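Colleague: Here it is, the structure, as structure tokens.
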There are 2 protein chains.
Amino acid sequence: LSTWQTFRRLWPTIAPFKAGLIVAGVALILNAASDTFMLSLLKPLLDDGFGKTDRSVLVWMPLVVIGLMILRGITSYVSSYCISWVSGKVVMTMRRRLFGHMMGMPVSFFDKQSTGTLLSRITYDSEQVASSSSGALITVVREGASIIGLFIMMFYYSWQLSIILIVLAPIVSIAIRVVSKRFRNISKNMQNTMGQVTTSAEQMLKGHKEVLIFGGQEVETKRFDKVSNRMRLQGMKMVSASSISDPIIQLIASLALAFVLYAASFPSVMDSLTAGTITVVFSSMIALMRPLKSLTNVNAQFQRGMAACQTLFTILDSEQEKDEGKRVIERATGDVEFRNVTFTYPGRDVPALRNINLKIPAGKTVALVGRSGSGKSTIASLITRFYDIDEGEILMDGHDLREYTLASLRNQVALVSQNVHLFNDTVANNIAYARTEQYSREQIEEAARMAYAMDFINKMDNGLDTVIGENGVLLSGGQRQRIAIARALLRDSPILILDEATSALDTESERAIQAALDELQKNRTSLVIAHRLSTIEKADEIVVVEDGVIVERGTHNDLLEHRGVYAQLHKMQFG
Amino acid sequence: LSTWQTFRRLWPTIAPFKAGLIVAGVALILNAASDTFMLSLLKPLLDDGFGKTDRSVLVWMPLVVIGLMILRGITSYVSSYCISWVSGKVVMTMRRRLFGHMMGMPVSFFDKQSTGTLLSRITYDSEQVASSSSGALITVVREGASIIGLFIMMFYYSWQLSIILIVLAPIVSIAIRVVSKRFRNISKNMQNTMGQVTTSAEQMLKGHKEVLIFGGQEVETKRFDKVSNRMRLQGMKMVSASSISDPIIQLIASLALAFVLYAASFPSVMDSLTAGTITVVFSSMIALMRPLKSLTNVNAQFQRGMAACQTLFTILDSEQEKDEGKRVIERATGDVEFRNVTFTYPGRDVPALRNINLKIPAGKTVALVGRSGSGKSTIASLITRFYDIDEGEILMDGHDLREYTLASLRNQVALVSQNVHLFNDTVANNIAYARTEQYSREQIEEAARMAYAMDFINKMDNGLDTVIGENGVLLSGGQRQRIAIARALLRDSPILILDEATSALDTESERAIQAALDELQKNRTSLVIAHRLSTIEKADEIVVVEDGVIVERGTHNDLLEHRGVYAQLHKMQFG
């Protein structure tokens with residue numbers, strides 16, 4: 001099938017871990033041998049232990065039992081620990097490779113699927129495949145060693161009784177299943193024909209609204225008498241047919257036992273037979289009934305494990321960034337132009353953007369005005385090349401953006417919004433998310449103080465080196481905004497995108513926020529999602545887009561005089 | 001608890017079948033004795049069998065085994081059959097009593113609870129209680145006999161080793177459960193502390209948008225390396241605990257075994273001891289572990305059975321038809337009067353009918369016109385006293401309904417509708433639901449002929465003695481109407497009510513239906529649910545009822561001149 005080539009693919013991963021697997025295999029083999037020898041211990045106990053007057057063997061028995069138990073315990077511990085180590089290291093390397101591939105492949109992938117399932121793909125699926133494969137391997141090795149040792153012990157004690165107890169058992173199972181299936185078919189036919197009396201009872205029970213008028217209580221009661229008799233007779237037949245089953249199976253199994261006993265009477269096997277040899281041979285069959293049951297199901301577990309590994313490898317090599325450009329930008333001038341750009345959301349229809357023509361010179365600022373969607377978020381994403389446009393051109397400093405490297409393009413730009421992702425790290429390291437050692441602490445504190453962030457950071461425990469709580473436990477929305485502003489100031493990025501529609505206007509101390517923002521985009525260009533007026537009236541250019549289509553252009557006064565959708569949004573305060 | 005009171009209440013029902021229970025008990029005791037004797041058979045086989053040169057016991061062993069197995073099979077068959085007979089007869093009598101009670105119980109329950117689930121408590125509930133009680137009885141009897149036999153056998157063979165085993169087992173169980181409990185607590189604590197590190201990986205997988213912009217893939221990889229080391233170390237600890245769990249239990253169990261062996265080494269017990277005795281005693285423990293596991297769950301089964309019986313009994317006793325009147329009417333004159341009758345549907349609110357005033361003389365006919373509900377169905381139910389009115393008076397021939405018996409009142413009235421309940425019987429007997437012998441076949445055929453029923457009945461197999469198929473397989477809607485008309489014609493009811501709104505007017509050969517209806521209510525009073533015009537224009541009186549109150553009264557011409565709701569319904573063809 002497809003599983004074994006997958007296992008061949010995993011051998012390069014598990015190869016440097018062969019020592020642990022070998023130790024675990026040896027320990028498991030010794031575990032199985034310990035159990036088999038414990039069963040083999042039964043013969044001396046029943047043979048020379050109690051019947052004879054000697055005491056040495058009976059008093060020596062508990063010590064060797066305890067020794068075998070200590071050996072079994074320590075070998076189980078060693079085997080499980082080494083399998084644990086191999087599984088853990090394989091899980092480490094597979095998760096690490098999967099995540100390293102994950103952090104470089106496009107946004108659309110996790111846009112499509114929920115992040116909870118994406119996490120489960122690495123925290124459960126890898127654990128699932130490791131656990132299933134390790135369980136299948138340990139089952140095969142241990143139960144195979146136990147089966148081989150048990151068969152060897154059985155044959156060495158009495159090969160004649162072993163050959164009698166073999167081949168006889170499969171035909172006994174054949175007869176048992178034949179009888180069981182015949183009786184199951186009989187019961188199925190009985191259940192199929194049982195429905196008519198129930199239907200008749202339901203038909204009678206539904207006629208109250210009609211039987212009540214005509215006084216047919218007596219006749220209907222007689223009808224129920226007959227149908228109840230016919231219901232009980234079929235129940236009798238049902239239960240009798242069901243109950244014939246178990247006596248037949250018991251009788252056939254015990255007749256097999258009687259055949260074994262009768263065959264043991266012949267002098268062919270009685271010569272080498274001893275009172276202890278049968279006690280170990282029959283008990284060995286009793287024990288051996290379980291390993292085959294647990295060994296015939298290994299294929300299901302292994303197939304499940306390899307299916308999980310295949311669905312993981314599907315994610316492992318789906319795709320990655322379309323890195324094609326090879327020119328780096330020291331610092332973008334600031335002029336960006338959209339010409340006839342039309343983009344469609346992958347996996348959907350009804351394209352959001354079409355035929356946009358915009359020019360943003362260096363230093364100037366453009367504010368986008370529109371409805372809830374309005375394609376503004378799509379434009380903000382496309383400026384930083386989260387996605388790739390289908391038709392149209394984006395000219396940055398006179399050249400196409402796609403002929404440039406992704407790293408330089410993303411470094412030249414900054415994104416500021418309330419929904420900025422904090423993380424479990426220190427504020428000093430968080431402000432400079434990358435290039436931490438390329439920026440001094442003095443620069444960090446100066447950037448924080450010019451962003452009006454030192455007001456709360458200083459009056460907060462552990463100073464500037466405090467670790468941010470998980471998903472802003474310690475930090476607040478205004479504090480998140482201040483941290484993002486400080487991050488923007490620290491990295492001198494000419495191109496900025498400023499989202500404000502999702503922000504709440506109920507926060508206090510907004511004067512500091514507006515002052516910091518006013519000091520922010522000096523001598524640099526910023527596209528602002530115009531929702532707050534303070535970024536609206538003083539904006540150099542205001543562009544109106546409805547449903548992802550450009551509609552209006554001009555300054556605030558010109559748009560207000562036009563009395564278009566700009567004024568209508570003015571009455572509603574832009575939503 | 002309350003279960004035993006219900007069992008004592010049920011005991012008189014089962015009492016007349018004491019022979020079946022006695023035979024089943026004797027058979028089950030013999031079954032358990034057969035099993036324990038088969039177990040006791042081990043001692044001769046392993047003591048005087050293979051070891052000694054004599055072979056008589058070994059060759060006579062298979063016949064003993066076969067005989068014990070034949071005895072077990074036949075006694076299991078007898079016990080199961082007799083328990084089946086007792087259960088079947090108890091179910092028969094209980095269902096019969098419950099059903100006979102139920103058809104004497106008002107239609108209020110029938111409308112409250114669906115008839116599709118009412119049979120679920122005559123076919124499944126009674127079967128459930130009988131099966132559970134019988135299973136509890138056999139589980140007590142057979143398993144108690146088995147454990148008593150096992151204890152007697154063990155104490156008869158070697159009571160020293162028996163008391164050692166029965167003293168050692170409980171403390172072994174105590175230690176095993178203590179170890180399992182503490183290790184389960186450790187495992188749940190490990191899960192509690194594993195959640196907080198599992199949630200850490202998802203904290204960075206959500207940062208794709210933020211990671212991509214600032215080029216923090218290297219720092220992200222380092223963070224994942226750390227949180228992956230922390231993941232695998234905790235997985236190590238988890239699996240190490242889960243692996244140290246089991247060997248402790250195994251070691252304690254086999255140390256108990258070693259203690260048993262070392263104690264049996266002492267000369268105080270070994271002197272009278274032999275190999276067969278230890279074999280049978282240890283096998284007796286092995287076999288006895290199952291009954292006490294299954295004998296301790298009898299209370300749950302008995303509680304379930306008695307709860308089912310409690311529900312069934314609660315259905316068994318409830319309110320029945322209020323039989324307060326004690327006067328029989330030979331034949332009602334026909335005059336019926338409603339005065340200020342207000343009735344509310346039980347279990348609901350918003351009374352359907354209120355302040356209705358109507359006078360219906362003998363021979364005259366009245367047709368009710370209204371909307372879908374309009375309370376017409378309520379009036380049809382109330383005239384025949386399906387329910388009891390709350391406030392108001394109904395005077396039948398100048399006398400109240402409740403003053404007269406329910407049986408005579410329902411005998412006086414006739415109900416005609418499309419939804420007449422056919423049933424599994426012959427058409428000749430169907431025409432007269434009751435008093436079949438009080439009406440001759442000649443009268444039946446004449447009534448069918450004047451009801452235009454011979455048109456299709458004769459051209460249909462087996463003639464007038466045909467049995468109606470299950471839920472009207474043979475009969476059709478028009479045929480159902482014709483047979484209901486014949487049923488009404490055969491028994492000369494002075495008062496009849498017929499419904500027409502639920503009827504379909506698309507049927508063919510309606511001329512015969514209208515002719516039969518015209519010939520039907522000659523010289524007797526009929527109340528027609530006015531939906532078909534042919535019963536509307538020629539109606540002696542027409543009464544309009546809206547939302548349960550009478551609004552218009554008069555002839556068709558007067559109502560049409562009034563141009564009220566009657567005319568508006570006339571344009572819409574009265575629905």
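Residues are referred to by chain and number: the chain letter is A, B, ... according to the order shown in the structure tokens, the number counts from 1 in that chain, and ligands are numbered separately from 1 in the order shown.
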Would you kindly return, as a list in words, each protein, DNA or RNA residue with an atom no farther than 10 Å from any atom of residue 272 of chain B, considering only C-alpha atoms and excluding same-chain residues fewer than 4 positions away?
Modeller: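 My reading of the contact set: residues 50 of chain A; 157, 158, 160, 267, 268 and 277 of chain B.
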Colleague: Could you save the residues just selected, with N, CA, C and O atoms, as a PDB file, in the first residue's frame?
Modeller:
```pdb
ATOM      1  N   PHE A  50       4.910 -30.286  45.551  1.00  0.00           N
ATOM      2  CA  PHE A  50       3.982 -30.629  46.620  1.00  0.00           C
ATOM      3  C   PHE A  50       3.876 -32.126  46.874  1.00  0.00           C
ATOM      4  O   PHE A  50       3.783 -32.544  48.031  1.00  0.00           O
TER       5      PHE A  50
ATOM      6  N   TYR B 157     -11.582 -29.415  50.196  1.00  0.00           N
ATOM      7  CA  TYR B 157     -10.289 -29.921  49.745  1.00  0.00           C
ATOM      8  C   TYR B 157      -9.143 -29.490  50.658  1.00  0.00           C
ATOM      9  O   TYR B 157      -8.422 -30.338  51.193  1.00  0.00           O
ATOM     10  N   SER B 158      -8.950 -28.184  50.848  1.00  0.00           N
ATOM     11  CA  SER B 158      -7.864 -27.705  51.707  1.00  0.00           C
ATOM     12  C   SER B 158      -8.279 -26.357  52.288  1.00  0.00           C
ATOM     13  O   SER B 158      -8.158 -25.327  51.619  1.00  0.00           O
ATOM     14  N   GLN B 160      -6.998 -24.717  54.920  1.00  0.00           N
ATOM     15  CA  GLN B 160      -5.909 -23.823  55.307  1.00  0.00           C
ATOM     16  C   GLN B 160      -5.543 -22.888  54.161  1.00  0.00           C
ATOM     17  O   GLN B 160      -5.514 -21.660  54.321  1.00  0.00           O
ATOM     18  N   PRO B 267       5.130 -26.805  57.043  1.00  0.00           N
ATOM     19  CA  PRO B 267       4.587 -28.160  57.237  1.00  0.00           C
ATOM     20  C   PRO B 267       3.201 -28.186  57.852  1.00  0.00           C
ATOM     21  O   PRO B 267       2.583 -29.258  57.882  1.00  0.00           O
ATOM     22  N   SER B 268       2.695 -27.057  58.353  1.00  0.00           N
ATOM     23  CA  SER B 268       1.368 -27.047  58.958  1.00  0.00           C
ATOM     24  C   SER B 268       0.278 -27.342  57.936  1.00  0.00           C
ATOM     25  O   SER B 268      -0.770 -27.896  58.289  1.00  0.00           O
ATOM     26  N   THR B 277      -5.035 -30.551  44.786  1.00  0.00           N
ATOM     27  CA  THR B 277      -5.744 -29.640  45.677  1.00  0.00           C
ATOM     28  C   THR B 277      -5.388 -28.188  45.384  1.00  0.00           C
ATOM     29  O   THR B 277      -6.268 -27.324  45.299  1.00  0.00           O
TER      30      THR B 277
END
```
Colleague: Hey, what's within 12 Å of residue 222 of chain B if we count only C-alpha atoms and toss same-chain stuff fewer than 4 positions away? As a list in words, please?
Modeller: residues 96, 99 and 100 of chain A; 204, 216, 217, 218, 226, 227, 228 and 229 of chain B
Colleague: Using all C-alpha atoms matched in sequence order, least-squares fit chain B onto chain A and give the RMSD rounded to one decimal in Å.
Modeller: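 Between chain A and chain B, the C-alpha RMSD is 0.4 Å.
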Colleague: Counting only C-alpha atoms, which residue out of B:5, B:417, B:507, B:146 sits closest to chain A?
Modeller: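 Nearest to chain A: B:417.
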Colleague: So that I can check the surroundings of segment 433-437 of chain A, please list as a tab-separated table (two decimals) with N, CA, C and O atoms, in the first residue's frame every protein, DNA and RNA residue that reaches within 12 Å of it, counting only C-alpha atoms and ignoring chain neighbours fewer than 6 positions away.
Modeller:
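The resulting file, selection-v9.tsv, is shown below:
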```tsv
chain	number	residue	atom	x	y	z
A	411	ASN	N	10.29	44.98	5.15
A	411	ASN	CA	11.05	45.82	6.07
A	411	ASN	C	10.79	47.30	5.82
A	411	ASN	O	10.78	48.11	6.75
A	421	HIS	N	-0.30	42.17	17.38
A	421	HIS	CA	-0.07	40.92	18.08
A	421	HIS	C	1.08	41.09	19.06
A	421	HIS	O	2.24	41.21	18.66
A	422	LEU	N	0.77	41.10	20.35
A	422	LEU	CA	1.80	40.97	21.37
A	422	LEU	C	2.12	39.49	21.57
A	422	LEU	O	1.47	38.60	21.02
A	423	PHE	N	3.14	39.23	22.38
A	423	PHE	CA	3.62	37.87	22.58
A	423	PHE	C	4.39	37.79	23.89
A	423	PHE	O	4.74	38.81	24.50
A	424	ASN	N	4.66	36.56	24.32
A	424	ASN	CA	5.32	36.29	25.59
A	424	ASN	C	6.81	36.62	25.46
A	424	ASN	O	7.65	35.78	25.16
A	425	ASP	N	7.12	37.89	25.70
A	425	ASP	CA	8.50	38.37	25.68
A	425	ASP	C	8.55	39.68	26.46
A	425	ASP	O	7.54	40.17	26.94
A	426	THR	N	9.76	40.22	26.58
A	426	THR	CA	9.94	41.48	27.29
A	426	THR	C	9.56	42.66	26.42
A	426	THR	O	9.62	42.59	25.19
A	427	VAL	N	9.17	43.76	27.06
A	427	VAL	CA	8.81	44.97	26.33
A	427	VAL	C	10.01	45.49	25.54
A	427	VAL	O	9.87	45.95	24.40
A	443	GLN	N	18.22	54.00	22.46
A	443	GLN	CA	17.31	54.25	21.35
A	443	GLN	C	15.91	53.76	21.68
A	443	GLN	O	14.92	54.43	21.36
A	444	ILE	N	15.80	52.60	22.32
A	444	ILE	CA	14.49	52.04	22.65
A	444	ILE	C	13.75	52.96	23.62
A	444	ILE	O	12.57	53.26	23.44
A	483	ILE	N	2.52	50.80	22.32
A	483	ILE	CA	3.62	49.89	22.00
A	483	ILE	C	3.81	49.80	20.49
A	483	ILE	O	4.95	49.83	20.00
A	484	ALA	N	2.71	49.71	19.75
A	484	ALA	CA	2.82	49.65	18.29
A	484	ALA	C	3.42	50.93	17.73
A	484	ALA	O	4.23	50.89	16.80
A	486	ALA	N	5.51	52.95	19.30
A	486	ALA	CA	6.93	52.91	19.61
A	486	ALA	C	7.68	52.00	18.65
A	486	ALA	O	8.79	52.32	18.21
A	487	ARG	N	7.08	50.85	18.32
A	487	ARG	CA	7.68	49.94	17.36
A	487	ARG	C	7.83	50.61	16.00
A	487	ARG	O	8.86	50.45	15.33
A	488	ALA	N	6.82	51.37	15.58
A	488	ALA	CA	6.90	52.08	14.31
A	488	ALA	C	8.00	53.14	14.33
A	488	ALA	O	8.73	53.30	13.34
A	490	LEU	N	10.73	53.13	16.19
A	490	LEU	CA	12.07	52.56	16.32
A	490	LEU	C	12.64	52.16	14.97
A	490	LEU	O	13.82	52.41	14.68
A	491	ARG	N	11.83	51.55	14.11
A	491	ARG	CA	12.24	51.14	12.78
A	491	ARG	C	11.80	52.22	11.79
A	491	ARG	O	10.60	52.40	11.56
B	207	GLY	N	0.46	34.62	14.93
B	207	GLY	CA	1.22	35.80	14.58
B	207	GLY	C	1.75	35.85	13.16
B	207	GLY	O	2.68	36.62	12.91
B	210	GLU	N	1.87	39.37	11.91
B	210	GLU	CA	2.91	40.16	12.54
B	210	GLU	C	4.31	39.62	12.25
B	210	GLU	O	5.25	40.40	12.07
B	211	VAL	N	4.47	38.29	12.19
B	211	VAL	CA	5.79	37.72	11.95
B	211	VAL	C	6.28	38.09	10.56
B	211	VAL	O	7.45	38.45	10.38
B	212	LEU	N	5.40	38.04	9.56
B	212	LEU	CA	5.84	38.24	8.18
B	212	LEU	C	6.39	39.65	7.96
B	212	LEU	O	7.38	39.82	7.24
B	213	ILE	N	5.77	40.66	8.57
B	213	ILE	CA	6.14	42.04	8.28
B	213	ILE	C	7.55	42.35	8.77
B	213	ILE	O	8.37	42.92	8.03
B	214	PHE	N	7.86	41.99	10.01
B	214	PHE	CA	9.10	42.43	10.63
B	214	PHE	C	10.25	41.45	10.45
B	214	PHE	O	11.35	41.71	10.96
B	215	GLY	N	10.05	40.36	9.72
B	215	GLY	CA	11.13	39.41	9.50
B	215	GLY	C	11.65	38.77	10.76
B	215	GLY	O	12.87	38.65	10.94
B	216	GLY	N	10.75	38.37	11.66
B	216	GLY	CA	11.15	37.76	12.91
B	216	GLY	C	11.13	36.24	12.86
B	216	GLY	O	10.94	35.59	13.89
B	217	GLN	N	11.32	35.68	11.66
B	217	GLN	CA	11.27	34.23	11.51
B	217	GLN	C	12.36	33.54	12.32
B	217	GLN	O	12.14	32.44	12.83
B	218	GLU	N	13.53	34.16	12.44
B	218	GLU	CA	14.61	33.55	13.21
B	218	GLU	C	14.27	33.50	14.69
B	218	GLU	O	14.41	32.45	15.34
B	219	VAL	N	13.82	34.62	15.25
B	219	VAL	CA	13.43	34.65	16.66
B	219	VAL	C	12.24	33.74	16.90
B	219	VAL	O	12.13	33.09	17.95
B	220	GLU	N	11.33	33.67	15.93
B	220	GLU	CA	10.19	32.77	16.05
B	220	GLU	C	10.64	31.31	16.08
B	220	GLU	O	10.11	30.51	16.85
```
Colleague: Distance atom CA of residue 108 of chain A-atom CA of residue 374 of chain A, one decimal place?
Modeller: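 Result for atom CA of residue 108 of chain A versus atom CA of residue 374 of chain A: 19.8 Å, one decimal.
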Colleague: Hey, what's within 9 Å of residue 328 of chain B if we count only C-alpha atoms and toss same-chain stuff fewer than 5 positions away? As a PyMOL selection string, please?
Modeller: chain B and resi 404-405+407-409
Colleague: Measuring atom to atom with only C-alpha atoms, identify which of A:163, A:19, A:257, A:460 is nearest to chain B.
Modeller: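 Ranked by minimum distance to chain B, first place goes to A:257.
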Colleague: Mind checking which residues fall within 8 Å of segment 339-353 of chain B, counting only C-alpha atoms, ignoring those fewer than 2 positions away in the same chain, and posting them as a VMD selection string?
Modeller: chain B and resid 108 337 355 to 358 375 378 388 to 394 547 to 549
Colleague: Dump N, CA, C and O atoms for the selected residues as an mmCIF file, in the first residue's frame?
Modeller:
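For reference, part11.cif as written:
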```cif
data_model
loop_
_atom_site.group_PDB
_atom_site.id
_atom_site.type_symbol
_atom_site.label_atom_id
_atom_site.label_comp_id
_atom_site.auth_asym_id
_atom_site.auth_seq_id
_atom_site.Cartn_x
_atom_site.Cartn_y
_atom_site.Cartn_z
ATOM 1 N N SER B 108 -58.165 12.334 26.629
ATOM 2 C CA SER B 108 -57.233 13.379 27.040
ATOM 3 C C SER B 108 -55.796 12.877 26.993
ATOM 4 O O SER B 108 -54.908 13.553 26.461
ATOM 5 N N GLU B 337 -79.495 21.640 22.328
ATOM 6 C CA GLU B 337 -79.349 23.065 22.585
ATOM 7 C C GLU B 337 -78.037 23.338 23.304
ATOM 8 O O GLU B 337 -77.708 22.666 24.286
ATOM 9 N N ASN B 355 -69.439 31.250 25.202
ATOM 10 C CA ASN B 355 -70.749 31.867 24.962
ATOM 11 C C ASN B 355 -71.307 31.529 23.575
ATOM 12 O O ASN B 355 -71.488 32.388 22.712
ATOM 13 N N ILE B 356 -71.589 30.243 23.380
ATOM 14 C CA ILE B 356 -72.259 29.758 22.177
ATOM 15 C C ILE B 356 -73.719 29.493 22.513
ATOM 16 O O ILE B 356 -74.026 28.892 23.550
ATOM 17 N N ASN B 357 -74.622 29.965 21.654
ATOM 18 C CA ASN B 357 -76.051 29.725 21.807
ATOM 19 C C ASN B 357 -76.591 29.154 20.505
ATOM 20 O O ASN B 357 -76.534 29.817 19.464
ATOM 21 N N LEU B 358 -77.114 27.932 20.566
ATOM 22 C CA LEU B 358 -77.638 27.260 19.384
ATOM 23 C C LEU B 358 -78.810 26.374 19.774
ATOM 24 O O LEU B 358 -78.825 25.801 20.866
ATOM 25 N N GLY B 375 -63.243 26.336 16.046
ATOM 26 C CA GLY B 375 -63.914 25.589 17.090
ATOM 27 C C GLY B 375 -64.934 24.584 16.609
ATOM 28 O O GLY B 375 -65.641 24.001 17.437
ATOM 29 N N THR B 378 -64.075 21.260 17.932
ATOM 30 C CA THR B 378 -64.399 21.216 19.352
ATOM 31 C C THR B 378 -65.887 20.971 19.570
ATOM 32 O O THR B 378 -66.271 20.197 20.451
ATOM 33 N N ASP B 388 -65.512 17.151 28.567
ATOM 34 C CA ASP B 388 -66.535 17.696 29.447
ATOM 35 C C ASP B 388 -66.399 19.211 29.477
ATOM 36 O O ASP B 388 -65.299 19.735 29.674
ATOM 37 N N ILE B 389 -67.518 19.908 29.279
ATOM 38 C CA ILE B 389 -67.490 21.361 29.221
ATOM 39 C C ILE B 389 -67.266 21.940 30.613
ATOM 40 O O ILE B 389 -67.711 21.384 31.628
ATOM 41 N N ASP B 390 -66.560 23.070 30.663
ATOM 42 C CA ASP B 390 -66.283 23.730 31.934
ATOM 43 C C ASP B 390 -67.491 24.526 32.415
ATOM 44 O O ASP B 390 -68.026 24.273 33.499
ATOM 45 N N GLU B 391 -67.934 25.494 31.615
ATOM 46 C CA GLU B 391 -69.088 26.312 31.948
ATOM 47 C C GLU B 391 -70.029 26.346 30.753
ATOM 48 O O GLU B 391 -69.593 26.316 29.599
ATOM 49 N N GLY B 392 -71.319 26.406 31.041
ATOM 50 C CA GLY B 392 -72.355 26.340 30.032
ATOM 51 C C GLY B 392 -73.185 25.075 30.163
ATOM 52 O O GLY B 392 -72.903 24.183 30.965
ATOM 53 N N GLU B 393 -74.239 25.014 29.354
ATOM 54 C CA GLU B 393 -75.156 23.887 29.411
ATOM 55 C C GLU B 393 -75.432 23.344 28.016
ATOM 56 O O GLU B 393 -75.605 24.104 27.057
ATOM 57 N N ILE B 394 -75.462 22.017 27.917
ATOM 58 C CA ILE B 394 -75.896 21.313 26.718
ATOM 59 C C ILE B 394 -77.133 20.511 27.086
ATOM 60 O O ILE B 394 -77.074 19.629 27.952
ATOM 61 N N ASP B 547 -63.314 32.212 15.426
ATOM 62 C CA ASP B 547 -62.464 32.205 16.618
ATOM 63 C C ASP B 547 -63.222 31.701 17.843
ATOM 64 O O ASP B 547 -63.053 32.187 18.963
ATOM 65 N N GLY B 548 -64.075 30.705 17.616
ATOM 66 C CA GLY B 548 -64.794 30.066 18.697
ATOM 67 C C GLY B 548 -66.033 30.779 19.188
ATOM 68 O O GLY B 548 -66.610 30.350 20.193
ATOM 69 N N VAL B 549 -66.466 31.852 18.528
ATOM 70 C CA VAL B 549 -67.692 32.545 18.906
ATOM 71 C C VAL B 549 -68.586 32.669 17.680
ATOM 72 O O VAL B 549 -68.106 32.914 16.568
#
```
Colleague: At a cut-off of 8 Å, using only C-alpha atoms, what residues contact residue 540 of chain B? Leave out same-chain residues fewer than 5 positions from it and give the result as a list in words.
Modeller: residues 364, 365, 366 and 555 of chain B
Colleague: For chain A, which residue among B:139, B:381, B:192, B:297 is the nearest when counting only C-alpha atoms?
Modeller: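 Of all the options, B:381 lies closest to chain A.
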Colleague: Would you kindly return, as a ChimeraX atom specification, each protein, DNA or RNA residue with an atom no farther than 12 Å from any atom of residue 256 of chain B, considering only C-alpha atoms and excluding same-chain residues fewer than 2 positions away?
Modeller: /A:62,65-66,69 /B:164-173,175-176,249-254,258-263
Colleague: Which residue gives the smallest distance to chain A among B:571, B:43, B:410, B:304, with only C-alpha atoms counted?
Modeller: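 Of all the options, B:410 lies closest to chain A.
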